[PDB]
Amino acid sequence: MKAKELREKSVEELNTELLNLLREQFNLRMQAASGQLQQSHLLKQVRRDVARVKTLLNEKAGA
Amino acid sequence: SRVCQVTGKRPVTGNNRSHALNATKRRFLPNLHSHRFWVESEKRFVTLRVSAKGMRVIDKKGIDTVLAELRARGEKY
Amino acid sequence: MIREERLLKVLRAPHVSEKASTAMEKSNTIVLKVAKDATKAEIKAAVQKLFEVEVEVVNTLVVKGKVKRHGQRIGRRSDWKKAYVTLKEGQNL
Amino acid sequence: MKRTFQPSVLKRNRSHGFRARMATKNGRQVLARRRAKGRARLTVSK
RNA sequence: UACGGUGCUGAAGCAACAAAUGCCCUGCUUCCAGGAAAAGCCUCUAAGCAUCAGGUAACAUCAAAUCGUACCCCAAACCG
RNA sequence: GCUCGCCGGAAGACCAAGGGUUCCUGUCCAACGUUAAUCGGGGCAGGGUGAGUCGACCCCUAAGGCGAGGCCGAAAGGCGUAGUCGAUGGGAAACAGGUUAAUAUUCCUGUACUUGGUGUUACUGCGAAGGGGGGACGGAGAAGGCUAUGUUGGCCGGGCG
RNA sequence: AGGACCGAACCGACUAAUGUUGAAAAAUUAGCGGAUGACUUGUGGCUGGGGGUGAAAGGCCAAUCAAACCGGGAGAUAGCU
RNA sequence: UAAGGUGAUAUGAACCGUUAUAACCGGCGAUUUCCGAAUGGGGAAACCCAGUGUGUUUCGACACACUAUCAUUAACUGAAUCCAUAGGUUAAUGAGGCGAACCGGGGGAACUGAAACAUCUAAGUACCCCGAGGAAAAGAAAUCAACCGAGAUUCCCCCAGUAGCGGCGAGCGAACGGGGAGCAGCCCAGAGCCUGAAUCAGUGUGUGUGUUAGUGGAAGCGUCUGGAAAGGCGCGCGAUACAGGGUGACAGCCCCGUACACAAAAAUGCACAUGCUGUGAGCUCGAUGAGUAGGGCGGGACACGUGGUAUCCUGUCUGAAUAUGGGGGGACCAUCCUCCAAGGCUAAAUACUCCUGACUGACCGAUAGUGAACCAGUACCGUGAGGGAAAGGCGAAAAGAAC
């Protein structure tokens with residue numbers, strides 16, 4: 001689960017993407033419809049960042 | 001191609017030529033037949049394509065010193 | 001399962017339509033942006049999973065070509081999709 | 001009046017189309033010679 | 001409200017005869033030049049199977065991928 | 001705005017190929033339409049393409065192409081039996097109302113039905129890549145029973161100069 | 001019934017005229033004519049270079065053809081220009 | 001390595017900063033949509049439709065990971081037909097497509113010359129095809145000479161415009177052998193003795209030195225002209241560094257640099273030393289290949305033409321000898337020398353480019369040089385193969401057009 005652990009099953013990093021991308025990236029672009037923040041150039045907050053979670057889903061240790 | 005499967009005889013480049021000064025191409029084609037042989041290591045008959053000069057070798061050498069060592073990898077015969 | 005939440009990467013920013021947004025965006029019907037697959041079945045799942053309201057109607061279409069986008073080069077809008085969502089009793093998404 | 005060539009993207013794509021040319025030794029060579037001259041399109045039907 | 005548009009309401013709503021290049025028609029009848037196949041469909045049994053599944057008549061209720069979609073046309077949107 | 005004229009089997013209406021932002025409002029008038037241009041399929045923006053049932057796909061496949069195993073050929077390439085594409089053919093699924101600046105058998109309303117599951121009610125042997133009937137095919141003529149189509153009268157509403 | 005008489009749609013070349021630096025890569029205007037056939041036609045195929053196709057002119061084979069078109073041998077050869 | 005960056009037209013918000021992912025780069029190693037070898041099958045430039053197996057559920061449809069062809073290896077299955085095998089299935093390896101030029105083999109002209117034409121010349125060119133390696137190809141003898149002897153092949157200058165061939169024409173045109181580049185030879189037909197000894201590749205390392213990410217490195221100031229100098233002048237100073245290039249008119253002394261000099265996560269070439277694996281230094285004695293050499297007939301390749309025509313491939317019939325045996329030595333014979341086939345392999349000195357690096361031109365400068373310095377193989381022509389343009393340079397700087 002956490003980066004201090006070793007050789008855990010890699011499949012749980014797909015739930016990290018559920019929490020950290022699927023429940024985040026659309027709300028980041030849709031909160032403008034609730035009058036909140038309204039800026040568009042914000043996708044760096046999941047772009048390049050969540051790639052490290054996918055790199056860890058594609059990991060062979062513990063699989 | 002008319003291949004002698006028991007020796008690898010193929011057709012060859014060559015000219016007809018006669019008592020004429022004009023010379024024209026021929027390309028020598030074989031005569032082509034079939035023959036059936038027994039393989040004592042596989043206890044079955046097999047049919048192979050054969051030709052002049054080539055069919056003269058196998059009967060002379062013997063199948064136990066020709067056909068019994070003919071496979072390069074298997075050739076599905 | 002059946003049906004998993006792993007597909008709900010769908011939807012982008014709000015969009016505008018003279019056919020809905022300009023009278024219904026806060027009361028019954030809203031228009032949104034999408035990727036190259038508009039994910040027609042999962043649009044309403046992504047609304048139910050974010051705003052907890054039931055959906056009554058979903059349309060997506062595809063808009064094609066449309067001339068000029070540069071003052072010195074060739075440019076188009078080409079093939080692009082939308083999402084048009086009507087709510088069952090929800091108002092303001 | 002009538003023309004000897006009438007407009008048809010179906011019969012153009014059947015004779016001169018990319019996969020149609022590629023599926024023949026000589027048409028695949030026309031495409032190899034397109035790449036030798038540097039022609040920007042390899043199909044004019046799509 | 002706006003004689004500004006945008007809705008509401010609403011009379012009578014029939015058979016007499018002629019019938020088109022359309023139906024019944026993959027018809028019927030006639031003819032010599034004697035005039036596609038296959039699957040869906042219906043039906044026979046084998047295989048297999050059981051208060052199932054499938055087959056029929058009448059129903060309620062839920063679901064229905066994808067391509068295409070703007071516009072012109074005996075022509076200023078095709079081609080010359 | 002009033003008035004005139006011509007076409008009216010087209011100089012009209014609908015469908016398709018082929019093309020491709022052409023649709024509509026909102027403006028712009030250098031260049032384009034061998035002009036005037038305030039117009040415009042032109043410039044430049046903004047809006048617009050809502051389908052279970054419509055055309056395609058489904059499933060079968062003609063001419064033809066491809067083509068295994070196999071054969072012919074240095075070879076490019078080709079023959080031919082399965083197989084696989086392919087209809088111009090054979091095979092499940094929506095009508096006519098009025099709406100938008102611009103859309104629609106695509107919307108909204110009313111009403112209808114085919115496919116697939118599940119539930120209801122009565123009757124029940126279903127079934128090959130096999131067997132049977134069909135699908136299913138020429139040319140023309142002639143009987144029967146009609147319908148779009150149209151007028152008169154009825155009936156309705158208007159008018160009486 | 002019909003390789004039948006006239007005749008729309010459909011087809012189409014014979015006469016005449018206009019056109020001919022055109023609207024025009026062959027049309028236009030008028031007429032005579034083909035219209036169940038040895039016919040015509042929508043849609044998709046198949047036939048290629050001395051090979052095709054032709055009720056057969058060496059006509060037609062994408063305007064080209066007593067031998068098409070493109071690219072190569074090829075800057076071939078010219079007692080001549 | 002480094003403090004300014006987040007590519008450019010492109011600005012601004014936002015965002016890393018300057019401090020242990022700022023940007024940028026080297027090593028290796030993931031990620032790699034669909035078309036495309038494309039590998040379930042179909043097909044169409046980016047599209048279409050299935051199956052196998054397992055699971056899930058309103059058992060209304062989701063969605064993994066896998067399925068090609070050929071050859072070989074194994075395991076199960078299996079038709080006529082018992083056993084078997086074709087056929088069927090499953091797992092594994094090999095190939096597949098791509099990449100500049102070179103390169104072996106295959107198909108194979110006409111023109112041209114013969115002041116005319118067929119043989120001959122031209123040409124195994126042109127063009128097309130197959131196939132493959134870092135080179136391809138050749139090789140250490142039944143070869144080549146000439147009584148002297150050679151002792152692999154290829155590449156270079158020569159031999160030689162001679163021999164030989166030749167409508168005794170036009171012309172094609174050697175070998176022997178020299179000077180040179182470049183020098184690796186072996187095994188099977190079979191055993192022991194010797195001991196792993198020579199030599200080469202691969203692989204774990206070491207050392208010396210390059211390559212792929214680098215930063216250091218001496219001197220020029222004043223004065224005048226000009227809007228501005230890298231200029232004039234005064235002269236001064238460096239130079240193992242007076243090379244490009246850049247910077248606002250000519251830069252040895254301003255910048256990136258040069259001569260001169262180093263440093264190392266990982267990857268890696270050359271050479272010196274070494275372990276390991278595979279090959280095995282040296283000695284000695286056997287033994288010398290029979291369907292293919294001859295032979296008749298016919299082609300091919302030979303510089304070499306049907307001639308008095310050897311040799312080596314090769315189509316077809318036919319098929320051999322043993323030391324008073326056999327092949328060849330360019331008719332044939334003898335004598336004689338030399339080789340002894342009928343088994344397999346071979347250094348790179350040679351060939352070449354997309355690429356990597358160094359050097360160079362008495363090279364061009366917008367009609368030049370490529371058609372193409374420019375959003376050019378674009379616009380444009382044709383059904384199509386295939387044809388095919390116009391168009392560069394404001395300025396030091398965008399200061400670029402307000403008022």
# chains A, B, ... in the order shown; residues from 1 in each chain; ligands from 1
>>> residues_around(residues="residue 16 of chain B", least_positions_apart="3", cutoff="7 Å", atoms="only C-alpha atoms (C1' of nucleotides)", output="ChimeraX atom specification")
/B:24-26 /H:299
>>> residues_around(residues="segment 205-219 of chain H", least_positions_apart="5", cutoff="10 Å", atoms="only C-alpha atoms (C1' of nucleotides)", output="ChimeraX atom specification")
/H:1,25-27,236-239,241,252-253,258-263,267-275
>>> write_last_selection(atoms="C-alpha atoms (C1' of nucleotides)", output="PDB file, in the first residue's frame")
ATOM      1  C1'   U H   1      26.357  20.124 -15.893  1.00  0.00           C
ATOM      2  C1'   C H  25      21.998  16.352 -21.483  1.00  0.00           C
ATOM      3  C1'   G H  26      24.674  11.022 -21.030  1.00  0.00           C
ATOM      4  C1'   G H  27      23.706   5.596 -19.535  1.00  0.00           C
ATOM      5  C1'   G H 236      51.202  48.977 -24.790  1.00  0.00           C
ATOM      6  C1'   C H 237      51.047  43.822 -23.942  1.00  0.00           C
ATOM      7  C1'   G H 238      50.231  38.573 -24.738  1.00  0.00           C
ATOM      8  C1'   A H 239      51.123  34.337 -28.586  1.00  0.00           C
ATOM      9  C1'   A H 241      46.777  30.166 -27.863  1.00  0.00           C
ATOM     10  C1'   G H 252      45.542  38.400 -31.050  1.00  0.00           C
ATOM     11  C1'   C H 253      43.807  41.200 -25.887  1.00  0.00           C
ATOM     12  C1'   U H 258      42.063  27.444 -29.580  1.00  0.00           C
ATOM     13  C1'   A H 259      47.171  25.727 -28.122  1.00  0.00           C
ATOM     14  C1'   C H 260      48.078  23.356 -23.634  1.00  0.00           C
ATOM     15  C1'   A H 261      45.753  20.093 -19.512  1.00  0.00           C
ATOM     16  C1'   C H 262      42.298  16.719 -16.896  1.00  0.00           C
ATOM     17  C1'   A H 263      37.595  13.274 -15.060  1.00  0.00           C
ATOM     18  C1'   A H 267      27.368   1.798 -21.552  1.00  0.00           C
ATOM     19  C1'   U H 268      31.560   0.759 -24.780  1.00  0.00           C
ATOM     20  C1'   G H 269      35.961   0.434 -28.896  1.00  0.00           C
ATOM     21  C1'   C H 270      41.534  -0.418 -29.168  1.00  0.00           C
ATOM     22  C1'   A H 271      45.876  -2.629 -26.834  1.00  0.00           C
ATOM     23  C1'   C H 272      48.850  -5.201 -22.270  1.00  0.00           C
ATOM     24  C1'   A H 273      48.185  -9.064 -18.369  1.00  0.00           C
ATOM     25  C1'   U H 274      44.979 -13.043 -16.140  1.00  0.00           C
ATOM     26  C1'   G H 275      40.909 -16.831 -14.451  1.00  0.00           C
TER      27        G H 275
END
>>> atom_distance(atom1="atom CA of residue 48 of chain B", atom2="atom CA of residue 66 of chain B")
12.9 Å
>>> atom_distance(atom1="atom CA of residue 89 of chain C", atom2="atom CA of residue 47 of chain C")
13.3 Å
>>> interface_residues(of="chain D", to="chain G", cutoff="9 Å", atoms="only C-alpha atoms (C1' of nucleotides)", output="number ranges by chain")
D: 1, 3-5
>>> write_last_selection(atoms="N, CA, C and O atoms", output="short mmCIF file (atom, residue, chain, number, x, y, z; two decimals), in the first residue's frame")
data_model
loop_
_atom_site.label_atom_id
_atom_site.label_comp_id
_atom_site.auth_asym_id
_atom_site.auth_seq_id
_atom_site.Cartn_x
_atom_site.Cartn_y
_atom_site.Cartn_z
N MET D 1 -20.15 18.88 -72.31
CA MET D 1 -20.59 17.55 -72.74
C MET D 1 -20.09 16.50 -71.74
O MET D 1 -19.76 16.87 -70.64
N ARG D 3 -17.59 13.55 -70.15
CA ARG D 3 -16.15 13.36 -69.95
C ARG D 3 -15.78 11.87 -69.90
O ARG D 3 -16.55 11.04 -69.42
N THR D 4 -14.56 11.55 -70.34
CA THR D 4 -13.99 10.19 -70.28
C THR D 4 -13.62 9.78 -68.88
O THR D 4 -13.63 8.58 -68.58
N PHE D 5 -13.39 10.74 -68.00
CA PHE D 5 -13.36 10.54 -66.57
C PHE D 5 -14.51 11.28 -65.87
O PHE D 5 -14.56 12.52 -65.86
#
>>> interface_residues(of="chain H", to="chain A", cutoff="9 Å", atoms="only C-alpha atoms (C1' of nucleotides)", output="PDB file with N, CA, C and O atoms (P, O5', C5', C4', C3', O3' and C1' of nucleotides), in the first residue's frame")
ATOM      1  P     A H  13       0.655  37.753 -15.142  1.00  0.00           P
ATOM      2  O5'   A H  13      -0.410  36.621 -14.789  1.00  0.00           O
ATOM      3  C5'   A H  13      -1.682  36.923 -14.234  1.00  0.00           C
ATOM      4  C4'   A H  13      -2.565  35.673 -14.207  1.00  0.00           C
ATOM      5  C3'   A H  13      -2.088  34.550 -13.287  1.00  0.00           C
ATOM      6  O3'   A H  13      -2.565  34.658 -11.965  1.00  0.00           O
ATOM      7  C1'   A H  13      -2.619  33.699 -15.420  1.00  0.00           C
ATOM      8  P     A H  14      -1.787  34.002 -10.769  1.00  0.00           P
ATOM      9  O5'   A H  14      -1.608  32.462 -11.096  1.00  0.00           O
ATOM     10  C5'   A H  14      -2.614  31.491 -10.911  1.00  0.00           C
ATOM     11  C4'   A H  14      -2.122  30.150 -11.451  1.00  0.00           C
ATOM     12  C3'   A H  14      -0.915  29.574 -10.727  1.00  0.00           C
ATOM     13  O3'   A H  14      -1.282  28.735  -9.650  1.00  0.00           O
ATOM     14  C1'   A H  14      -0.556  29.536 -13.069  1.00  0.00           C
ATOM     15  P     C H  15      -0.247  28.328  -8.547  1.00  0.00           P
ATOM     16  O5'   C H  15       1.020  27.734  -9.318  1.00  0.00           O
ATOM     17  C5'   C H  15       1.148  26.358  -9.640  1.00  0.00           C
ATOM     18  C4'   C H  15       2.455  26.088 -10.402  1.00  0.00           C
ATOM     19  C3'   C H  15       3.691  26.595  -9.696  1.00  0.00           C
ATOM     20  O3'   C H  15       4.060  25.864  -8.555  1.00  0.00           O
ATOM     21  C1'   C H  15       3.895  26.810 -12.044  1.00  0.00           C
ATOM     22  P     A H  30      12.511  -3.096 -18.505  1.00  0.00           P
ATOM     23  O5'   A H  30      11.809  -2.722 -19.861  1.00  0.00           O
ATOM     24  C5'   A H  30      10.434  -2.383 -19.979  1.00  0.00           C
ATOM     25  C4'   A H  30      10.056  -1.110 -19.201  1.00  0.00           C
ATOM     26  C3'   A H  30       8.687  -0.626 -19.620  1.00  0.00           C
ATOM     27  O3'   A H  30       7.641  -1.499 -19.218  1.00  0.00           O
ATOM     28  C1'   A H  30      10.125   1.195 -19.204  1.00  0.00           C
ATOM     29  P     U H  31       6.564  -1.948 -20.258  1.00  0.00           P
ATOM     30  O5'   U H  31       5.900  -0.548 -20.574  1.00  0.00           O
ATOM     31  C5'   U H  31       5.030   0.054 -19.627  1.00  0.00           C
ATOM     32  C4'   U H  31       4.550   1.417 -20.113  1.00  0.00           C
ATOM     33  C3'   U H  31       4.028   1.379 -21.514  1.00  0.00           C
ATOM     34  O3'   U H  31       2.772   0.746 -21.571  1.00  0.00           O
ATOM     35  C1'   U H  31       5.237   3.390 -21.076  1.00  0.00           C
TER      36        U H  31
END
>>> residues_around(residues="residue 231 of chain H", least_positions_apart="6", cutoff="12 Å", atoms="only C-alpha atoms (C1' of nucleotides)", output="list in words")
residues 224, 225, 249, 250 and 251 of chain H
>>> write_last_selection(atoms="N, CA, C and O atoms (P, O5', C5', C4', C3', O3' and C1' of nucleotides)", output="PDB file, in the first residue's frame")
ATOM      1  P     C H 224      38.902  63.282 -26.929  1.00  0.00           P
ATOM      2  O5'   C H 224      38.891  63.063 -28.482  1.00  0.00           O
ATOM      3  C5'   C H 224      39.611  63.901 -29.367  1.00  0.00           C
ATOM      4  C4'   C H 224      39.651  63.289 -30.752  1.00  0.00           C
ATOM      5  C3'   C H 224      38.303  63.223 -31.428  1.00  0.00           C
ATOM      6  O3'   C H 224      37.896  64.478 -31.938  1.00  0.00           O
ATOM      7  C1'   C H 224      39.563  61.225 -31.810  1.00  0.00           C
ATOM      8  P     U H 225      36.379  64.792 -32.255  1.00  0.00           P
ATOM      9  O5'   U H 225      36.053  63.827 -33.456  1.00  0.00           O
ATOM     10  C5'   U H 225      36.509  64.111 -34.761  1.00  0.00           C
ATOM     11  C4'   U H 225      36.129  62.985 -35.707  1.00  0.00           C
ATOM     12  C3'   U H 225      34.632  62.735 -35.766  1.00  0.00           C
ATOM     13  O3'   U H 225      33.986  63.729 -36.524  1.00  0.00           O
ATOM     14  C1'   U H 225      35.901  60.705 -35.892  1.00  0.00           C
ATOM     15  P     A H 249      27.480  46.218 -37.089  1.00  0.00           P
ATOM     16  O5'   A H 249      28.637  46.268 -38.163  1.00  0.00           O
ATOM     17  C5'   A H 249      29.952  46.638 -37.859  1.00  0.00           C
ATOM     18  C4'   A H 249      30.620  47.224 -39.092  1.00  0.00           C
ATOM     19  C3'   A H 249      32.142  47.093 -39.102  1.00  0.00           C
ATOM     20  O3'   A H 249      32.558  46.504 -40.313  1.00  0.00           O
ATOM     21  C1'   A H 249      31.460  49.282 -39.722  1.00  0.00           C
ATOM     22  P     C H 250      32.513  44.923 -40.501  1.00  0.00           P
ATOM     23  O5'   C H 250      34.039  44.530 -40.458  1.00  0.00           O
ATOM     24  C5'   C H 250      34.764  44.622 -39.275  1.00  0.00           C
ATOM     25  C4'   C H 250      36.202  44.199 -39.539  1.00  0.00           C
ATOM     26  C3'   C H 250      37.035  44.242 -38.282  1.00  0.00           C
ATOM     27  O3'   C H 250      37.852  43.091 -38.235  1.00  0.00           O
ATOM     28  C1'   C H 250      38.062  45.469 -40.007  1.00  0.00           C
ATOM     29  P     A H 251      37.504  41.914 -37.258  1.00  0.00           P
ATOM     30  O5'   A H 251      37.765  42.491 -35.816  1.00  0.00           O
ATOM     31  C5'   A H 251      38.962  43.186 -35.504  1.00  0.00           C
ATOM     32  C4'   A H 251      39.691  42.540 -34.337  1.00  0.00           C
ATOM     33  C3'   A H 251      39.818  41.020 -34.473  1.00  0.00           C
ATOM     34  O3'   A H 251      41.014  40.540 -33.913  1.00  0.00           O
ATOM     35  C1'   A H 251      38.466  41.612 -32.604  1.00  0.00           C
TER      36        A H 251
END
>>> closest_atom_pairs(of="chain C", to="chain A", cutoff="10 Å", atoms="only C-alpha atoms", output="Markdown table")
| residue | atom | partner | partner_atom | distance |
| --- | --- | --- | --- | --- |
| C:5 | CA | A:18 | CA | 7.6 |
| C:6 | CA | A:18 | CA | 6.5 |
| C:7 | CA | A:22 | CA | 8.5 |
| C:8 | CA | A:22 | CA | 6.1 |
| C:9 | CA | A:22 | CA | 5.0 |
| C:10 | CA | A:26 | CA | 7.3 |
| C:11 | CA | A:26 | CA | 6.1 |
| C:12 | CA | A:26 | CA | 5.8 |
| C:13 | CA | A:29 | CA | 4.7 |
| C:14 | CA | A:30 | CA | 6.5 |
| C:25 | CA | A:33 | CA | 8.9 |
| C:26 | CA | A:33 | CA | 8.9 |
| C:30 | CA | A:33 | CA | 9.9 |
| C:32 | CA | A:30 | CA | 8.9 |
| C:33 | CA | A:29 | CA | 9.8 |
| C:46 | CA | A:26 | CA | 9.2 |
| C:49 | CA | A:23 | CA | 8.9 |
| C:50 | CA | A:23 | CA | 7.8 |
| C:92 | CA | A:34 | CA | 8.3 |
| C:93 | CA | A:33 | CA | 6.9 |
>>> interface_residues(of="chain F", to="chain B", cutoff="12 Å", atoms="only C-alpha atoms (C1' of nucleotides)", output="PDB file with N, CA, C and O atoms (P, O5', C5', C4', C3', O3' and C1' of nucleotides), in the first residue's frame")
ATOM      1  P     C F  71       2.169 -30.723 -54.591  1.00  0.00           P
ATOM      2  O5'   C F  71       1.722 -30.152 -55.991  1.00  0.00           O
ATOM      3  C5'   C F  71       1.138 -30.977 -56.966  1.00  0.00           C
ATOM      4  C4'   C F  71       0.495 -30.134 -58.062  1.00  0.00           C
ATOM      5  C3'   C F  71       1.478 -29.343 -58.915  1.00  0.00           C
ATOM      6  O3'   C F  71       2.206 -30.166 -59.803  1.00  0.00           O
ATOM      7  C1'   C F  71      -0.389 -27.995 -58.391  1.00  0.00           C
ATOM      8  P     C F  72       3.644 -29.746 -60.308  1.00  0.00           P
ATOM      9  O5'   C F  72       3.447 -28.425 -61.144  1.00  0.00           O
ATOM     10  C5'   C F  72       2.884 -28.470 -62.415  1.00  0.00           C
ATOM     11  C4'   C F  72       2.836 -27.068 -63.014  1.00  0.00           C
ATOM     12  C3'   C F  72       4.186 -26.362 -63.043  1.00  0.00           C
ATOM     13  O3'   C F  72       5.143 -26.900 -63.946  1.00  0.00           O
ATOM     14  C1'   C F  72       2.431 -24.844 -62.549  1.00  0.00           C
ATOM     15  P     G F  73       6.689 -26.759 -63.652  1.00  0.00           P
ATOM     16  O5'   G F  73       6.890 -25.188 -63.501  1.00  0.00           O
ATOM     17  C5'   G F  73       6.873 -24.348 -64.641  1.00  0.00           C
ATOM     18  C4'   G F  73       7.077 -22.875 -64.276  1.00  0.00           C
ATOM     19  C3'   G F  73       8.288 -22.665 -63.417  1.00  0.00           C
ATOM     20  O3'   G F  73       9.520 -22.882 -64.084  1.00  0.00           O
ATOM     21  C1'   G F  73       6.531 -21.208 -62.813  1.00  0.00           C
ATOM     22  P     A F  74      10.705 -23.701 -63.437  1.00  0.00           P
ATOM     23  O5'   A F  74      11.773 -22.593 -63.058  1.00  0.00           O
ATOM     24  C5'   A F  74      11.407 -21.535 -62.187  1.00  0.00           C
ATOM     25  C4'   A F  74      12.626 -20.974 -61.490  1.00  0.00           C
ATOM     26  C3'   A F  74      12.220 -19.887 -60.497  1.00  0.00           C
ATOM     27  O3'   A F  74      11.991 -20.371 -59.193  1.00  0.00           O
ATOM     28  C1'   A F  74      13.887 -19.078 -61.992  1.00  0.00           C
ATOM     29  P     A F  75      10.560 -20.289 -58.514  1.00  0.00           P
ATOM     30  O5'   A F  75      10.197 -18.743 -58.582  1.00  0.00           O
ATOM     31  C5'   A F  75      10.900 -17.787 -57.829  1.00  0.00           C
ATOM     32  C4'   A F  75      10.710 -16.386 -58.408  1.00  0.00           C
ATOM     33  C3'   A F  75       9.260 -15.913 -58.436  1.00  0.00           C
ATOM     34  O3'   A F  75       8.850 -15.372 -57.200  1.00  0.00           O
ATOM     35  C1'   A F  75      10.395 -15.482 -60.489  1.00  0.00           C
TER      36        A F  75
END
>>> interface_residues(of="chain C", to="chain F", cutoff="10 Å", atoms="only C-alpha atoms (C1' of nucleotides)", output="number ranges by chain")
C: 16-19, 58-68, 76-78, 84
>>> atom_distance(atom1="atom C1' of residue 112 of chain H", atom2="atom CA of residue 23 of chain B")
20.3 Å
>>> residues_around(residues="segment 37-42 of chain H", least_positions_apart="5", cutoff="10 Å", atoms="only C-alpha atoms (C1' of nucleotides)", output="list in words")
residues 84 and 85 of chain F; 48, 49, 50, 51, 52, 66, 67, 68, 69, 96, 97 and 98 of chain H
>>> interface_residues(of="chain B", to="chain H", cutoff="8 Å", atoms="only C-alpha atoms (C1' of nucleotides)", output="list in words")
residues 13, 14, 15, 16, 17, 21, 22, 28, 56, 57, 60, 61, 73, 74 and 75 of chain B
>>> interface_residues(of="chain C", to="chain H", cutoff="10 Å", atoms="only C-alpha atoms (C1' of nucleotides)", output="MDAnalysis selection string")
chainID C and resid 1:3 73
>>> write_last_selection(atoms="N, CA, C and O atoms", output="mmCIF file, in the first residue's frame")
data_model
loop_
_atom_site.group_PDB
_atom_site.id
_atom_site.type_symbol
_atom_site.label_atom_id
_atom_site.label_comp_id
_atom_site.auth_asym_id
_atom_site.auth_seq_id
_atom_site.Cartn_x
_atom_site.Cartn_y
_atom_site.Cartn_z
ATOM 1 N N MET C 1 -18.893 -7.824 -11.795
ATOM 2 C CA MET C 1 -19.376 -7.012 -10.678
ATOM 3 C C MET C 1 -20.896 -7.078 -10.477
ATOM 4 O O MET C 1 -21.320 -7.690 -9.508
ATOM 5 N N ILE C 2 -21.767 -6.541 -11.312
ATOM 6 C CA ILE C 2 -21.528 -5.908 -12.618
ATOM 7 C C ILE C 2 -21.416 -4.377 -12.563
ATOM 8 O O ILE C 2 -21.947 -3.756 -11.649
ATOM 9 N N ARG C 3 -20.734 -3.789 -13.552
ATOM 10 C CA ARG C 3 -20.387 -2.355 -13.683
ATOM 11 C C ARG C 3 -19.382 -1.901 -12.653
ATOM 12 O O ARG C 3 -19.639 -1.970 -11.463
ATOM 13 N N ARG C 73 -2.000 29.782 -41.941
ATOM 14 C CA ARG C 73 -2.028 28.323 -42.176
ATOM 15 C C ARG C 73 -3.454 27.818 -42.396
ATOM 16 O O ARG C 73 -4.434 28.520 -42.115
#
>>> residues_around(residues="residue 42 of chain E", least_positions_apart="4", cutoff="12 Å", atoms="only C-alpha atoms (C1' of nucleotides)", output="list in words")
residues 132, 133, 134 and 135 of chain F
>>> residues_around(residues="segment 156-160 of chain H", least_positions_apart="3", cutoff="12 Å", atoms="only C-alpha atoms (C1' of nucleotides)", output="NGL selection string")
:H and (163 or 173-182 or 349-350)
